[PDB]
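Let me give you the structure first, and then I'll get to my questions.
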Amino acid sequence: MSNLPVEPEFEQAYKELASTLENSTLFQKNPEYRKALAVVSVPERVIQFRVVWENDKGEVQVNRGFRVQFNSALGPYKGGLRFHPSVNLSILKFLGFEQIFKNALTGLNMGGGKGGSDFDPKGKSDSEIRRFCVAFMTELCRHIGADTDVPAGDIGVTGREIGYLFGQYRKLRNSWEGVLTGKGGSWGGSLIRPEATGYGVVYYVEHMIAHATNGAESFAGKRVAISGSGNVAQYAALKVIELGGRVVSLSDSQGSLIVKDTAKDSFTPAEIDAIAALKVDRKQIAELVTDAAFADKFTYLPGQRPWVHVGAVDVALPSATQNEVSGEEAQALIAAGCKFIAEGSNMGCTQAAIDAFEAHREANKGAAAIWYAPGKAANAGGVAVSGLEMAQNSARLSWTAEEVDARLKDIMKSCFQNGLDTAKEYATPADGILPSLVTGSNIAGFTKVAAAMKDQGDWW
Amino acid sequence: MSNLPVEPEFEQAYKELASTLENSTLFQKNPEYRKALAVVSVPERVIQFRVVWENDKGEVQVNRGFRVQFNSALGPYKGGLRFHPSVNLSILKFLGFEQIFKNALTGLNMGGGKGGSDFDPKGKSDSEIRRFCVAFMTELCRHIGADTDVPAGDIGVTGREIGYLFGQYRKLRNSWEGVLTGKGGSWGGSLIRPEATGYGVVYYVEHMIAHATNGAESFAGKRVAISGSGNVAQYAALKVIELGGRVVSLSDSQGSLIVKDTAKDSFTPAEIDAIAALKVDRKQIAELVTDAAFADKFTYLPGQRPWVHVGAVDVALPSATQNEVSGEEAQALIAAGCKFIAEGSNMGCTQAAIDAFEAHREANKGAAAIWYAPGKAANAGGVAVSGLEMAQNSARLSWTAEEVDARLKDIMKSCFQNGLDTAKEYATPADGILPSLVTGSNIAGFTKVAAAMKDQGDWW
Amino acid sequence: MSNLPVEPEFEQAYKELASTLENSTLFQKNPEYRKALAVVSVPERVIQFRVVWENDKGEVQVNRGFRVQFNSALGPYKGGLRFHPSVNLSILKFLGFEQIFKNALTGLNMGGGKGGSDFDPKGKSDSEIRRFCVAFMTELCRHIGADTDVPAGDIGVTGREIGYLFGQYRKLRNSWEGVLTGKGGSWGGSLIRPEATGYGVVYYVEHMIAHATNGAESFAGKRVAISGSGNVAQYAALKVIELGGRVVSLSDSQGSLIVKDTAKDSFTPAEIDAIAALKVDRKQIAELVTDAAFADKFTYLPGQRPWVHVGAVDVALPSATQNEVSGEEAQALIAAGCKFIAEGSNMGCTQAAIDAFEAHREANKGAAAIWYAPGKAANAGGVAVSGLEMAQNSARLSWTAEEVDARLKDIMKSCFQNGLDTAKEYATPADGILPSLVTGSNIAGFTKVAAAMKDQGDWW
Amino acid sequence: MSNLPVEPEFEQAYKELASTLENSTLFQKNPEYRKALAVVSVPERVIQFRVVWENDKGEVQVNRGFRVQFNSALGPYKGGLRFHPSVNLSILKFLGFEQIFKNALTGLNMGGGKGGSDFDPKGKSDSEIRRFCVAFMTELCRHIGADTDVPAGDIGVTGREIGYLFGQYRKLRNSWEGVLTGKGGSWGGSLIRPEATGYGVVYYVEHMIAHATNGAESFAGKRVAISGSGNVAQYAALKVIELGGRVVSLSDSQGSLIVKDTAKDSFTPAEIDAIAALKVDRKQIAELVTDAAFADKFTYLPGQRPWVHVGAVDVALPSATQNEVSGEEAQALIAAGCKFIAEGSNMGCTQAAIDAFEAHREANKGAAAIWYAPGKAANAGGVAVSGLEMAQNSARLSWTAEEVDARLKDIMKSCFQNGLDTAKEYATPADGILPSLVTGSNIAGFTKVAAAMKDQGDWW
């Protein structure tokens, strides 16, 4: 197969999943699943399209659009849109592939997909963003629909962009339906959706802490290093604070902002809100670091990730982008006494990082190990609450915040228990060693999809 | 109308419904309903189509495919698919006609339909069945849909076939929706769907027994003769046993399997499970009749139905196919002291059998009479639960087994009460005589559909 | 296959085609075509539907509607609509089946289909026919379209009905297209469409006469017996008269009208026009007995076909309906010196008639033989000009009468020559024996369809 | 733009077009066309999809499917399908990009596209090919249509595959329409389509010879080296022979077959027919090289291209695949006295080859130069005749071979004259130097598309 193009991010995701399935008893019990893996790994459909749009000076602009419709055995294709200058098919395939198995771990009927553009929102006006969304949806509309493919947000796609997208879908197709999630509260949105992914990360990590420490520890007083400062990071930070933890770092594409005293200080909600408002306006954390409220409390480090700069730390929640925790960073976290690392970001850890965490787990009993949770398990609360937004729209009713949050919590607890129990079944650890959440999550998502695919005749 | 082809099974079903309407005060109260009867009896739409498919030897095969869309006043067309070598338009018209009124009795919004093929699953491989299903759905897909027509199983169509069919529908139409029921648990199925029809038949007969005996008797200690050994028979048997009844017979297309001591012994769940596994593989009861587990406890009667061979018996549940209880067999059941017979199978009793049971009812007060219930009342539980599977898919959520079963019990109790009350209203029996469940059920289902049709301008 | 219903007309058409294929070298050269016969003989799709409509008194009326979409390898399904109280699926399957092979002999890209209703235009008002057509098209429109299936007239369906059907299609689908043929001249009709079938029958028999006599004789001076008095019979008669022949009979469903002097007299164009006027008004030939101008010239025979009552005749053109020339009638025609018989009607001759004509051909050298042409060859002018109507509509232009007629002539000549040549190739007659136009036409049409079906993967 | 994946074939085609437009006066006159080039070079739409299909052993197989819908300003997307193990997006984008401008040079209303799969027909049975085509079209069907995108053949896709594709389209979509070209003569094909591309190459080269030699020379007695042995090569060879030229070589993926006497010997039609029959069966030229008819007349060279092995030669028609004439091969042709080289294959010459030819042209007056014609000009007769097949289908009529061939000839003459005249206008050669057909063809195709795009608002 040397006709196939090299897609480094996709291949990284694929190899990690595959290696976890091989390092288990799964293919001894179900060798025929090798065929399922070969089938599932080739997307059902991919659409690519030119997007021509007009800038504020009246000039023609060209960007590339994509939608990867990876798998639909469990439900309509489901997953977000990324507007970032790095975007290409390789990246969106990694993300769509991840999405299959993440979705499967939610318990809801959602297939896996992802899409987006190499359009860069930075430096654009709101009007440019509106015209781009209009043009993007003009092509995308024909391929999506409430029972076919339901997009959502991701890097560079917020409630603002989902609004322009939805309005154009409605104009084009003359239907009002749950074709997108992350919608506005008055026009078919769900309460808890803004909060969902970062809350779910934190909720999942609570279960990790409870298990590893036998209920002795919690987030109360733990020091938590976060990276990113967007949707996932903001609400992960807010939930940590609500639970009495201390957030010692946030970051963005230009640098890290770290409290000067990491033993005892924390970001506050008010500071997070300030950062969030800069981000709505597509500005950098750097703009506020010399203000009164920040110059004395924080150190800004241009060009750096937080991980080697936070001192001793208890929990790490990378929440920005793929491959943002290197192997050297991982070793630094381990040396700083970090015991829990969960991916808010998709594929947040490099392979070297993952290998470092899992070797540590296998070498150190119980609470002495750093315990790593992959994004498909820990960050699934966003997509889960998107499924609940679809369910609301289908019912033509709106649920309460408490009702949505309660379902989110149950979904994240079940997701943790399924990864744990599946790791014990298929990859039973040595005595006193914590089960691999990555292996167990991978096997549990994969087998549910493989078996539904078999039932549906996709492979035999 | 000597241009019309002779369709014996449909004419049989039509005539029995019509005769029960005539033998009542319905047409005195509402003579205009004769117009409704003439309209409803001609199907709204029927699709017939060639199905070409490839056998494991690479050879072209040809079979006939059908979908009868009989009536859609109360909801989208709803009803299963039968793959059996007897299948033709007459058989499928009888079935779809019955389904209109059965569906009306469930209280849910389901029109009547039925379909299938003369494709014979016996002697085929799983791969053959998969290719057939693929080819069958390539044509069927354009006629069906979650709000148009929702098929399901019947003789020869199990969850395996539903899977191949659903998978092809999704591939063709690029939508994940409630287009079929009987689906797998991870991909839109409902708990209780496997159990539903047999459970419901037994639930229904519990009401019969309570009424006729003023609560003095139940299934506990009763001897129950069942025919068939497929989905309906298996779970009717299992519920009879759960209730403390004794199952003295099952049967298949080649013979009956009867306990030697029909006064005291019963099939067990383990024995039912063994037969069920054989049926999954499309093998016959004959294969196990020499096993240890079977040879000493049962007698195999090839070519014979159970009814004359079970001795004294209390309940009969024909659960295989149409016209499987003859007038002679009805007289034998009556002489053997049988006091309850309900159809698991569609049109299970011949007209002579029904005439014998109803004459016996009219001649014998109360608990001295054998009481006959028609399939449209007793066997409605399957389609009812299929409507709940549709409800669940529209909600994008899955209900618990207890939730589904509780709804099933309520539906079967209301069905029984509607038939009893309608018979008392339109066909009031002489003092001490049980009301006619067949006449009451027929009137109740027919009037609901007729009035809805009038409201919708289908007749005036 | 004792599940299959008995369909006498369809079985008759099928058997005659199959028998001519078997009585040839076709299956020695291409034995795999027996697979193509088995596949082609099962219709791709059949739609049946209830048609509820209102009569002039305001009362609900119910009739049965049908559309048999038999084969589409060579083009969109194509074929007319019959409104006659005999209509059922058998009859429409015989028609649609015949149409596959007929359309193949035209050279145009037309698949085979046929439809209609048991609705009886006799005794209905024009308003009642309008309301019927409106209701019938309400369901039929979703199954048809300019590139899908294009209906047309047949018994009981004239340009009046085509108009009501076209208007309802336009209203429902919001499209103006070649969905029907036989349309009016100002709204997409073709010149020569009314004349087409009857003219084409006569043009075809002119080639038979030319071949049988090396050009020495023609219709000039021939005595021609016609049956029926509708679209086919009228224009056949008119073209005979134009060519110098004498039309000695016409007939309807209640009797025959025969010139008193069949050796010397003929219908005139004015007479045929008066009969046509009666038939527009759904009245009978029988009325003309009261008029001395007709009574003086003709004999009216209630309940009789013409064949045994015309004395010596040269050509017979059955042009009414199926099975209107029996074996005894065929023997009478032979004895009366008839040398040419061609079907204007579909399956106009019974199998005993065909067998008599074909035996006579095989026994009698040269011009002493009676020569039989099947409807699929001789009546193909109507559907040929319908294909030209479709071509005009796709071009958005209207051709002259001369252009259309010139094409019709070339199509009928090519049709004759194909049947002649294919018979010489696959069923080569003894020296001096005319080749079988029925065998030749059947093989020619069948091989064209079977080969296209093979190319398209319908069989292998 | 380092997010964009490296697509070497696409970039090669793009750079060559772009370099020819830059090496001219085009952007001095129309600098705004730079924006058109940036727009046009990003495809309007691309679909990729998994194709799962079953082999003759009953095993699941997976391949990748594609359709590149590059540009639709001038017409519906138009271009063939390639089934070859090298296929990927890069290759199909090169081909689809080429197709835009090729189509524009035909004068017909056809946009540009291309598609296919990495499915390898070699080693597969006809049944495997049928099942693959069925599965491929199951997804492709939703994206194509007679007014949207009309595919056709290319490497690995012959009339056989177009048949299976068409049959499945018809089955899925229930329409008979000009959705594909290269169809069978009885089911909407065009005469001259098999012949079209190789005839057109030769026709175009006739014009090259006429111009360069001032009418003094022709193909009569010229020695012509051809590569490939498929559809393009076969009919190029046959037209050369018909015109009295001598074909000294053919080839396939395993080697070259060259006449032993290249001064005076030639392939014959009978030999070409033998080779063609091997190719229908997916076999290699190697199989026949030891037969009587071949061992003495020809030398078979495994692993070699013909160009350095034919001795002195007049005309080269690479007709196999992209990048099959290297720069060293080009120098060898020049040294062997070759004066005309036209691409039957798309992008047949490497850039080094093209640069060698064009430097030779610029250094050698008139008939002393080797004159190179790009595939978009010389091989356009195939797609042109596909446009005429679309026009036939839209008219619902079939043209004669003479009519189609006459249009083909006029199209190829106009295409040559447009490339010549445009090269004289925008890239005027020095005195006595032949105009660049590559530059002129590129500019003439590009400006027609750019201007239609501007008119339609695609850029401004």
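Per-chain numbering from 1; labels A, B, C and D assigned in written order.
Operating definition for what follows: a contact is a pair of C-beta atoms (placed from the backbone, for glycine too) under 8 Å apart; a residue touches a chain by one contact, two chains touch by 3 or more.
The UniProt protein names, listed by chain, are A, B, C, D = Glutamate dehydrogenase.
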item	value
Selected from C-D, B-C or A-D, interface repeating A-B by over half of its contact pairs	C-D
Geometric centre distance via CA averages, chain C (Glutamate dehydrogenase)-chain A (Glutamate dehydrogenase), whole Å	69
Rounded Å distance, chain B (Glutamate dehydrogenase) centre to chain C (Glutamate dehydrogenase) centre (Cα mean)	46
Euclidean distance of C-alpha centroids - chain B (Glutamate dehydrogenase) vs chain D (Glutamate dehydrogenase), Å	62
In chain D (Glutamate dehydrogenase), residues with contacts to at least two other chains	58, 127, 139, 174
Chains touching one another, given as label pairs in label order	A-B, A-D, B-C, B-D, C-D
Touching residues on chain B (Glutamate dehydrogenase), where the partner in the complex is chain C (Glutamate dehydrogenase)	3-7, 35, 38-39, 42-50, 52, 60, 62, 64, 85-91, 118, 139, 458-460
Sites on chain A (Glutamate dehydrogenase) touched by chain B (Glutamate dehydrogenase) in the complex	72-76, 108-109, 111, 145, 147-148, 387, 390-391, 394-395, 448, 451-452, 455-458, 460
Chain A (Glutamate dehydrogenase)-touching residues of chain B (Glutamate dehydrogenase), taken from the complex the two chains share	126-127, 130, 133-134, 146, 159-160, 163-164, 166-168, 170, 174-177, 184, 186-188, 393-397
Chain B (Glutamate dehydrogenase) partner contacts - residues on chain D (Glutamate dehydrogenase) that touch it in the complex	54, 56, 58, 127, 131, 138-139, 142, 171-172, 174
